[PDB]
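Next up, input_22.pdb (PDB, C-alpha atoms):
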```pdb
ATOM      1  CA  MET A   1     -15.085 243.333 -51.991
ATOM      2  CA  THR A   2     -12.619 244.686 -54.559
ATOM      3  CA  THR A   3     -10.178 242.277 -56.195
ATOM      4  CA  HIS A   4      -6.860 243.536 -57.560
ATOM      5  CA  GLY A   5      -5.271 241.564 -60.366
ATOM      6  CA  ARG A   6      -4.474 241.336 -64.056
ATOM      7  CA  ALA A   7      -6.086 240.307 -67.336
ATOM      8  CA  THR A   8      -5.156 238.305 -70.394
ATOM      9  CA  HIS A   9      -7.479 237.957 -73.372
ATOM     10  CA  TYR A  10      -9.159 235.079 -75.210
ATOM     11  CA  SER A  11     -12.168 234.563 -77.487
ATOM     12  CA  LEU A  12     -15.188 232.300 -77.929
ATOM     13  CA  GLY A  13     -15.704 233.898 -81.338
ATOM     14  CA  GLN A  14     -19.318 234.109 -82.495
ATOM     15  CA  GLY A  15     -19.782 230.849 -80.609
ATOM     16  CA  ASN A  16     -22.808 228.605 -81.030
ATOM     17  CA  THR A  17     -26.517 228.521 -80.163
ATOM     18  CA  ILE A  18     -26.495 225.687 -77.603
ATOM     19  CA  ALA A  19     -23.791 226.164 -74.972
ATOM     20  CA  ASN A  20     -20.945 228.669 -74.744
ATOM     21  CA  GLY A  21     -18.246 228.510 -72.089
ATOM     22  CA  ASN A  22     -18.173 226.201 -69.082
ATOM     23  CA  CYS A  23     -21.285 228.110 -67.960
ATOM     24  CA  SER A  24     -23.138 226.854 -71.057
ATOM     25  CA  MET A  25     -24.510 230.263 -72.040
ATOM     26  CA  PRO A  26     -27.238 230.012 -74.723
ATOM     27  CA  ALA A  27     -25.242 232.530 -76.765
ATOM     28  CA  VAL A  28     -22.090 234.617 -76.649
ATOM     29  CA  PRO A  29     -23.358 238.010 -75.453
ATOM     30  CA  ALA A  30     -24.126 240.436 -78.296
ATOM     31  CA  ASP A  31     -21.740 243.052 -76.890
ATOM     32  CA  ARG A  32     -19.058 240.342 -76.623
ATOM     33  CA  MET A  33     -18.298 241.355 -73.033
ATOM     34  CA  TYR A  34     -17.554 238.149 -71.121
ATOM     35  CA  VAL A  35     -14.824 236.597 -68.987
ATOM     36  CA  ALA A  36     -13.303 233.341 -67.769
ATOM     37  CA  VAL A  37     -12.407 233.269 -64.070
ATOM     38  CA  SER A  38     -10.062 231.202 -61.906
ATOM     39  CA  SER A  39     -11.319 227.888 -60.525
ATOM     40  CA  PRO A  40     -11.790 229.242 -56.987
ATOM     41  CA  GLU A  41     -13.703 232.258 -58.308
ATOM     42  CA  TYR A  42     -15.690 229.966 -60.626
ATOM     43  CA  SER A  43     -16.889 228.260 -57.445
ATOM     44  CA  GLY A  44     -18.382 225.176 -59.105
ATOM     45  CA  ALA A  45     -20.276 227.387 -61.562
ATOM     46  CA  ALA A  46     -21.853 229.543 -58.842
ATOM     47  CA  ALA A  47     -20.211 232.484 -60.612
ATOM     48  CA  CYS A  48     -22.164 231.641 -63.765
ATOM     49  CA  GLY A  49     -24.872 234.205 -64.496
ATOM     50  CA  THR A  50     -23.026 236.917 -62.571
ATOM     51  CA  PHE A  51     -21.234 240.024 -63.812
ATOM     52  CA  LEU A  52     -17.975 241.793 -63.036
ATOM     53  CA  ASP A  53     -17.239 245.483 -63.357
ATOM     54  CA  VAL A  54     -13.599 245.438 -64.398
ATOM     55  CA  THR A  55     -11.551 248.623 -64.214
ATOM     56  CA  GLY A  56      -8.421 249.008 -66.308
ATOM     57  CA  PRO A  57      -6.221 251.691 -67.895
ATOM     58  CA  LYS A  58      -8.922 253.030 -70.243
ATOM     59  CA  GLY A  59     -12.097 252.618 -68.200
ATOM     60  CA  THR A  60     -14.480 250.139 -66.625
ATOM     61  CA  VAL A  61     -16.374 247.460 -68.545
ATOM     62  CA  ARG A  62     -19.097 245.031 -67.451
ATOM     63  CA  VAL A  63     -18.501 241.384 -68.347
ATOM     64  CA  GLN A  64     -20.615 238.274 -67.863
ATOM     65  CA  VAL A  65     -18.844 235.360 -66.208
ATOM     66  CA  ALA A  66     -19.007 232.767 -68.973
ATOM     67  CA  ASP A  67     -16.180 230.358 -68.406
ATOM     68  CA  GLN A  68     -13.543 228.781 -66.175
ATOM     69  CA  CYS A  69      -9.849 229.628 -66.549
ATOM     70  CA  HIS A  70      -8.143 226.639 -64.918
ATOM     71  CA  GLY A  71      -4.671 228.128 -65.310
ATOM     72  CA  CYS A  72      -5.691 231.548 -64.000
ATOM     73  CA  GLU A  73      -4.575 232.343 -60.467
ATOM     74  CA  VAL A  74      -7.053 234.228 -58.267
ATOM     75  CA  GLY A  75      -7.272 237.810 -59.512
ATOM     76  CA  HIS A  76      -6.314 236.807 -63.058
ATOM     77  CA  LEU A  77      -9.220 237.308 -65.451
ATOM     78  CA  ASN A  78      -9.266 235.966 -68.981
ATOM     79  CA  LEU A  79     -11.228 238.737 -70.693
ATOM     80  CA  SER A  80     -12.934 238.593 -74.059
ATOM     81  CA  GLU A  81     -10.849 240.421 -76.656
ATOM     82  CA  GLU A  82     -13.557 243.101 -76.834
ATOM     83  CA  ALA A  83     -13.503 243.687 -73.078
ATOM     84  CA  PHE A  84      -9.702 243.707 -73.087
ATOM     85  CA  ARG A  85      -9.553 246.322 -75.859
ATOM     86  CA  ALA A  86     -12.086 248.455 -73.978
ATOM     87  CA  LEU A  87      -9.689 248.458 -71.016
ATOM     88  CA  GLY A  88      -6.188 248.561 -72.488
ATOM     89  CA  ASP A  89      -3.764 247.822 -75.308
ATOM     90  CA  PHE A  90      -4.407 244.418 -76.880
ATOM     91  CA  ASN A  91      -0.744 244.103 -77.858
ATOM     92  CA  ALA A  92       0.333 244.523 -74.235
ATOM     93  CA  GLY A  93      -0.950 240.991 -73.640
ATOM     94  CA  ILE A  94      -1.380 241.456 -69.893
ATOM     95  CA  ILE A  95      -2.841 244.526 -68.166
ATOM     96  CA  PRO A  96      -3.384 245.510 -64.510
ATOM     97  CA  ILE A  97      -7.007 245.575 -63.374
ATOM     98  CA  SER A  98      -9.281 245.760 -60.367
ATOM     99  CA  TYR A  99     -12.814 244.390 -60.230
ATOM    100  CA  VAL A 100     -15.975 243.729 -58.269
ATOM    101  CA  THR A 101     -18.933 241.395 -58.684
ATOM    102  CA  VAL A 102     -21.840 243.633 -59.660
ATOM    103  CA  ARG A 103     -24.763 244.008 -57.268
ATOM    104  CA  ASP A 104     -28.103 243.775 -59.092
ATOM    105  CA  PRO A 105     -26.851 244.427 -62.645
ATOM    106  CA  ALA A 106     -29.454 245.821 -65.044
ATOM    107  CA  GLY A 107     -31.046 243.191 -67.246
ATOM    108  CA  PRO A 108     -34.304 241.677 -68.521
ATOM    109  CA  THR A 109     -36.802 239.556 -66.589
ATOM    110  CA  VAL A 110     -35.773 236.112 -65.374
ATOM    111  CA  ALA A 111     -35.830 233.358 -67.990
ATOM    112  CA  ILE A 112     -35.544 229.576 -67.743
ATOM    113  CA  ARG A 113     -34.027 227.059 -70.142
ATOM    114  CA  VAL A 114     -34.800 223.369 -69.760
ATOM    115  CA  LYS A 115     -31.792 221.249 -70.696
ATOM    116  CA  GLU A 116     -31.675 218.846 -73.627
ATOM    117  CA  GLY A 117     -32.569 215.343 -72.446
ATOM    118  CA  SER A 118     -34.882 216.580 -69.691
ATOM    119  CA  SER A 119     -38.171 214.926 -68.756
ATOM    120  CA  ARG A 120     -40.388 214.525 -65.686
ATOM    121  CA  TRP A 121     -38.151 211.719 -64.441
ATOM    122  CA  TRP A 122     -35.034 213.902 -64.529
ATOM    123  CA  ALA A 123     -34.466 217.445 -65.757
ATOM    124  CA  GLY A 124     -31.923 220.237 -65.822
ATOM    125  CA  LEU A 125     -32.756 223.943 -65.615
ATOM    126  CA  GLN A 126     -30.637 226.980 -66.414
ATOM    127  CA  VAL A 127     -31.651 230.249 -64.773
ATOM    128  CA  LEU A 128     -31.053 233.347 -66.882
ATOM    129  CA  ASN A 129     -30.999 237.009 -65.829
ATOM    130  CA  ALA A 130     -31.089 236.474 -62.069
ATOM    131  CA  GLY A 131     -28.220 238.965 -62.026
ATOM    132  CA  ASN A 132     -26.581 237.699 -58.842
ATOM    133  CA  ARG A 133     -25.402 234.366 -57.456
ATOM    134  CA  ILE A 134     -28.188 231.806 -57.124
ATOM    135  CA  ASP A 135     -28.208 229.615 -54.009
ATOM    136  CA  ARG A 136     -31.425 227.621 -54.493
ATOM    137  CA  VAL A 137     -33.539 226.322 -57.352
ATOM    138  CA  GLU A 138     -36.650 224.333 -56.504
ATOM    139  CA  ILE A 139     -39.619 222.806 -58.307
ATOM    140  CA  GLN A 140     -43.070 222.682 -56.753
ATOM    141  CA  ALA A 141     -44.307 219.246 -55.722
ATOM    142  CA  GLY A 142     -47.849 219.766 -54.468
ATOM    143  CA  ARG A 143     -47.346 221.719 -51.257
ATOM    144  CA  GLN A 144     -43.625 221.039 -50.933
ATOM    145  CA  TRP A 145     -40.554 222.187 -52.847
ATOM    146  CA  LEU A 146     -38.159 219.755 -54.522
ATOM    147  CA  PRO A 147     -34.581 221.104 -54.269
ATOM    148  CA  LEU A 148     -32.393 220.854 -57.381
ATOM    149  CA  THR A 149     -28.611 220.521 -57.242
ATOM    150  CA  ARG A 150     -26.105 222.889 -58.841
ATOM    151  CA  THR A 151     -24.059 221.392 -61.688
ATOM    152  CA  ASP A 152     -20.583 222.611 -62.641
ATOM    153  CA  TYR A 153     -21.714 223.587 -66.153
ATOM    154  CA  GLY A 154     -24.382 226.210 -65.465
ATOM    155  CA  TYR A 155     -27.539 224.193 -64.820
ATOM    156  CA  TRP A 156     -29.492 222.802 -61.868
ATOM    157  CA  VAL A 157     -30.727 219.195 -61.876
ATOM    158  CA  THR A 158     -33.527 217.288 -60.158
ATOM    159  CA  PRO A 159     -32.768 214.590 -57.540
ATOM    160  CA  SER A 160     -36.061 212.762 -58.151
ATOM    161  CA  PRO A 161     -39.100 212.879 -60.455
ATOM    162  CA  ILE A 162     -41.379 215.909 -60.679
ATOM    163  CA  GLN A 163     -45.125 216.068 -61.289
ATOM    164  CA  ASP A 164     -46.697 216.083 -64.747
ATOM    165  CA  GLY A 165     -48.161 219.313 -66.110
ATOM    166  CA  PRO A 166     -46.739 222.848 -65.889
ATOM    167  CA  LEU A 167     -43.681 223.452 -63.697
ATOM    168  CA  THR A 168     -43.540 226.043 -60.946
ATOM    169  CA  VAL A 169     -39.946 227.009 -60.216
ATOM    170  CA  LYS A 170     -38.707 228.940 -57.199
ATOM    171  CA  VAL A 171     -35.285 230.575 -57.446
ATOM    172  CA  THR A 172     -33.552 232.122 -54.433
ATOM    173  CA  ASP A 173     -30.495 234.355 -54.739
ATOM    174  CA  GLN A 174     -27.480 234.760 -52.454
ATOM    175  CA  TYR A 175     -29.302 237.518 -50.573
ATOM    176  CA  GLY A 176     -32.354 235.421 -49.724
ATOM    177  CA  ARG A 177     -34.650 237.062 -52.275
ATOM    178  CA  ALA A 178     -36.881 234.659 -54.210
ATOM    179  CA  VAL A 179     -38.927 234.687 -57.401
ATOM    180  CA  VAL A 180     -41.673 232.175 -58.149
ATOM    181  CA  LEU A 181     -42.156 231.255 -61.798
ATOM    182  CA  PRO A 182     -45.414 229.413 -62.626
ATOM    183  CA  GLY A 183     -46.659 227.915 -65.889
ATOM    184  CA  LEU A 184     -43.296 226.716 -67.201
ATOM    185  CA  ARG A 185     -43.205 223.905 -69.767
ATOM    186  CA  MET A 186     -41.052 220.794 -70.042
ATOM    187  CA  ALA A 187     -39.563 222.144 -73.268
ATOM    188  CA  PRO A 188     -35.836 221.343 -73.729
ATOM    189  CA  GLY A 189     -33.827 224.055 -75.473
ATOM    190  CA  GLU A 190     -36.484 226.753 -75.265
ATOM    191  CA  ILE A 191     -35.689 230.007 -73.488
ATOM    192  CA  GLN A 192     -38.861 230.642 -71.508
ATOM    193  CA  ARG A 193     -39.302 234.311 -70.603
ATOM    194  CA  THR A 194     -41.065 235.103 -67.333
ATOM    195  CA  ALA A 195     -42.532 238.232 -65.759
ATOM    196  CA  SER A 196     -40.327 238.149 -62.669
ATOM    197  CA  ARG A 197     -37.377 240.198 -61.443
ATOM    198  CA  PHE A 198     -35.281 239.940 -58.274
ATOM    199  CA  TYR A 199     -35.076 243.741 -58.295
ATOM    200  CA  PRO A 200     -36.972 246.480 -60.146
ATOM    201  CA  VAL A 201     -35.563 248.517 -63.030
ATOM    202  CA  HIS A 202     -33.591 251.476 -61.661
TER     203      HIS A 202
END
```

In structure tokens, write the structure found in this file.
Amino acid sequence: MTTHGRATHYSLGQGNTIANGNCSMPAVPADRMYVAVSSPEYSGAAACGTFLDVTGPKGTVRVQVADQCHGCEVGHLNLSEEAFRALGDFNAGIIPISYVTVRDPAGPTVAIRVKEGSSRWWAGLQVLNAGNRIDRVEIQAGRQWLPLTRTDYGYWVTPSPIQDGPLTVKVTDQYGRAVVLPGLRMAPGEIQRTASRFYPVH
């Protein structure tokens, strides 16, 4: 539903090329529209990879949930400086806002990043461009599916070894929609683009 609250501002700067924010984004978004959310709204990183449409005095801006604001009460967003300025007066420090989690935000096809230190014995995966909350990430083991566990820093990790050769990953969103991503490589650090979408381009 709609949340009513307020915003402060902060910055990750240009950031780095490995992990940005508690959500470990591969990069600070090019448009610099991102946000840190309260611990309850962070929901153990379930909010990672999701977007908020935040309405303020001067308009509505779309921000990627990138980070956790431990000191933020529910309803209190810590907006990027760019998002803050798009909404109100920077020098005001705190502005009134309302926001919603975006349903099926426009974006590219799903991509997967294998975490540094991964191997067949134990691996982490980050799912990019799912658009909405992800509830399941699984790797194919023959006929079965091996369920990964959600970490609090934006990845999913394996509970036991996976087969050698290409990985087939199945991702299921909060709505029960699933994409199946075959031919993935055990290649730490690489952003592997796929041909899949949870929803078509509209």

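With atom CA of residue A:107 on one side and atom CA of residue A:193 on the other, the separation reads 12.6 Å.
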
For the structure provided, state which residues fall under the PyMOL selection byres ((chain A and resi 152-166) around 6), and present them as a PDB file with C-alpha atoms, keeping the file's coordinate frame.
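Produced file expr_24.pdb, reproduced below:
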```pdb
ATOM      1  CA  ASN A  22     -18.173 226.201 -69.082  1.00  0.00           C
ATOM      2  CA  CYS A  23     -21.285 228.110 -67.960  1.00  0.00           C
ATOM      3  CA  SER A  24     -23.138 226.854 -71.057  1.00  0.00           C
ATOM      4  CA  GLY A  44     -18.382 225.176 -59.105  1.00  0.00           C
ATOM      5  CA  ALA A  45     -20.276 227.387 -61.562  1.00  0.00           C
ATOM      6  CA  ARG A 120     -40.388 214.525 -65.686  1.00  0.00           C
ATOM      7  CA  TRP A 121     -38.151 211.719 -64.441  1.00  0.00           C
ATOM      8  CA  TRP A 122     -35.034 213.902 -64.529  1.00  0.00           C
ATOM      9  CA  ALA A 123     -34.466 217.445 -65.757  1.00  0.00           C
ATOM     10  CA  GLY A 124     -31.923 220.237 -65.822  1.00  0.00           C
ATOM     11  CA  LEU A 125     -32.756 223.943 -65.615  1.00  0.00           C
ATOM     12  CA  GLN A 126     -30.637 226.980 -66.414  1.00  0.00           C
ATOM     13  CA  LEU A 148     -32.393 220.854 -57.381  1.00  0.00           C
ATOM     14  CA  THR A 149     -28.611 220.521 -57.242  1.00  0.00           C
ATOM     15  CA  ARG A 150     -26.105 222.889 -58.841  1.00  0.00           C
ATOM     16  CA  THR A 151     -24.059 221.392 -61.688  1.00  0.00           C
ATOM     17  CA  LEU A 167     -43.681 223.452 -63.697  1.00  0.00           C
ATOM     18  CA  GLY A 183     -46.659 227.915 -65.889  1.00  0.00           C
ATOM     19  CA  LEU A 184     -43.296 226.716 -67.201  1.00  0.00           C
ATOM     20  CA  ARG A 185     -43.205 223.905 -69.767  1.00  0.00           C
TER      21      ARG A 185
END
```

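Residues matching the PyMOL selection byres ((chain A and resi 179) around 8) in this structure come to residues 170, 171, 172, 177, 178, 180, 181, 196, 197 and 198 of chain A.
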
Pick from A:4, A:32, A:113, A:136: nearest to residue A:65, with all atoms listed in the file counted?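 When distances to residue A:65 are compared using all atoms listed in the file, the smallest one comes from A:32.
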
Give me the residues within 12 Å of stretch 8-16 of chain A as a PyMOL selection string, counting all atoms listed in the file and dropping any in the same chain fewer than 3 places off. chain A and resi 5+19-22+24-37+56+66-69+71-73+75-97

Restricting the calculation to only C-alpha atoms: of A:102, A:174, A:17, A:128, which residue gets closest to residue A:52?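 Selected residue with least distance to residue A:52: A:102.
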
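For the atom pair formed by atom CA of residue A:139 and atom CA of residue A:169, the distance is 4.6 Å, given to one decimal.
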
The PyMOL selection byres ((chain A and resi 129) around 7) applied to the shown file, residues as a ChimeraX atom specification: /A:49,107-111,127-128,130-131

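In this comparison, which uses only C-alpha atoms, the residue of A:64, A:140, A:59, A:118 approaching residue A:106 most closely is A:64.
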
Would you fill out stretch 40-55 of chain A with N, CA, C and O atoms and return it as a PDB file, in the coordinates of the input?
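The file below, result-v4.pdb, is the result:
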```
ATOM      1  N   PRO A  40     -11.178 228.838 -58.260  1.00  0.00           N
ATOM      2  CA  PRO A  40     -11.790 229.242 -56.987  1.00  0.00           C
ATOM      3  C   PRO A  40     -12.887 230.293 -57.160  1.00  0.00           C
ATOM      4  O   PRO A  40     -13.899 230.249 -56.464  1.00  0.00           O
ATOM      5  N   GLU A  41     -12.696 231.230 -58.080  1.00  0.00           N
ATOM      6  CA  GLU A  41     -13.703 232.258 -58.308  1.00  0.00           C
ATOM      7  C   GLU A  41     -14.875 231.714 -59.130  1.00  0.00           C
ATOM      8  O   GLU A  41     -15.979 232.254 -59.076  1.00  0.00           O
ATOM      9  N   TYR A  42     -14.632 230.642 -59.877  1.00  0.00           N
ATOM     10  CA  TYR A  42     -15.690 229.966 -60.626  1.00  0.00           C
ATOM     11  C   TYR A  42     -16.651 229.289 -59.648  1.00  0.00           C
ATOM     12  O   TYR A  42     -17.858 229.215 -59.889  1.00  0.00           O
ATOM     13  N   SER A  43     -16.099 228.798 -58.544  1.00  0.00           N
ATOM     14  CA  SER A  43     -16.889 228.260 -57.445  1.00  0.00           C
ATOM     15  C   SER A  43     -17.941 227.251 -57.921  1.00  0.00           C
ATOM     16  O   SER A  43     -19.131 227.399 -57.637  1.00  0.00           O
ATOM     17  N   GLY A  44     -17.494 226.228 -58.642  1.00  0.00           N
ATOM     18  CA  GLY A  44     -18.382 225.176 -59.105  1.00  0.00           C
ATOM     19  C   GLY A  44     -19.543 225.702 -59.925  1.00  0.00           C
ATOM     20  O   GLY A  44     -20.635 225.144 -59.888  1.00  0.00           O
ATOM     21  N   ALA A  45     -19.297 226.787 -60.656  1.00  0.00           N
ATOM     22  CA  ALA A  45     -20.276 227.387 -61.562  1.00  0.00           C
ATOM     23  C   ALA A  45     -21.236 228.348 -60.858  1.00  0.00           C
ATOM     24  O   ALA A  45     -22.154 228.878 -61.481  1.00  0.00           O
ATOM     25  N   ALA A  46     -21.026 228.584 -59.567  1.00  0.00           N
ATOM     26  CA  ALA A  46     -21.853 229.543 -58.842  1.00  0.00           C
ATOM     27  C   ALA A  46     -21.665 230.943 -59.419  1.00  0.00           C
ATOM     28  O   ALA A  46     -22.558 231.786 -59.327  1.00  0.00           O
ATOM     29  N   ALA A  47     -20.504 231.184 -60.020  1.00  0.00           N
ATOM     30  CA  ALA A  47     -20.211 232.484 -60.612  1.00  0.00           C
ATOM     31  C   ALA A  47     -20.924 232.653 -61.953  1.00  0.00           C
ATOM     32  O   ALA A  47     -21.027 233.762 -62.471  1.00  0.00           O
ATOM     33  N   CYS A  48     -21.420 231.558 -62.517  1.00  0.00           N
ATOM     34  CA  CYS A  48     -22.164 231.641 -63.765  1.00  0.00           C
ATOM     35  C   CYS A  48     -23.393 232.526 -63.561  1.00  0.00           C
ATOM     36  O   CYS A  48     -24.025 232.493 -62.503  1.00  0.00           O
ATOM     37  N   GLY A  49     -23.715 233.330 -64.567  1.00  0.00           N
ATOM     38  CA  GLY A  49     -24.872 234.205 -64.496  1.00  0.00           C
ATOM     39  C   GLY A  49     -24.635 235.461 -63.673  1.00  0.00           C
ATOM     40  O   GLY A  49     -25.576 236.199 -63.375  1.00  0.00           O
ATOM     41  N   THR A  50     -23.381 235.703 -63.296  1.00  0.00           N
ATOM     42  CA  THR A  50     -23.026 236.917 -62.571  1.00  0.00           C
ATOM     43  C   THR A  50     -22.162 237.806 -63.457  1.00  0.00           C
ATOM     44  O   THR A  50     -21.694 237.379 -64.513  1.00  0.00           O
ATOM     45  N   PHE A  51     -21.959 239.043 -63.022  1.00  0.00           N
ATOM     46  CA  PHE A  51     -21.234 240.024 -63.812  1.00  0.00           C
ATOM     47  C   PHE A  51     -20.148 240.701 -62.992  1.00  0.00           C
ATOM     48  O   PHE A  51     -20.296 240.903 -61.785  1.00  0.00           O
ATOM     49  N   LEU A  52     -19.053 241.046 -63.660  1.00  0.00           N
ATOM     50  CA  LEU A  52     -17.975 241.793 -63.036  1.00  0.00           C
ATOM     51  C   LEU A  52     -17.866 243.162 -63.679  1.00  0.00           C
ATOM     52  O   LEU A  52     -17.967 243.290 -64.902  1.00  0.00           O
ATOM     53  N   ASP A  53     -17.661 244.185 -62.857  1.00  0.00           N
ATOM     54  CA  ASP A  53     -17.239 245.483 -63.357  1.00  0.00           C
ATOM     55  C   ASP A  53     -15.727 245.541 -63.220  1.00  0.00           C
ATOM     56  O   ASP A  53     -15.187 245.579 -62.108  1.00  0.00           O
ATOM     57  N   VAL A  54     -15.050 245.518 -64.361  1.00  0.00           N
ATOM     58  CA  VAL A  54     -13.599 245.438 -64.398  1.00  0.00           C
ATOM     59  C   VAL A  54     -13.006 246.769 -64.834  1.00  0.00           C
ATOM     60  O   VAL A  54     -13.286 247.261 -65.929  1.00  0.00           O
ATOM     61  N   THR A  55     -12.192 247.344 -63.957  1.00  0.00           N
ATOM     62  CA  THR A  55     -11.551 248.623 -64.214  1.00  0.00           C
ATOM     63  C   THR A  55     -10.121 248.408 -64.679  1.00  0.00           C
ATOM     64  O   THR A  55      -9.360 247.657 -64.063  1.00  0.00           O
TER      65      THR A  55
END
```
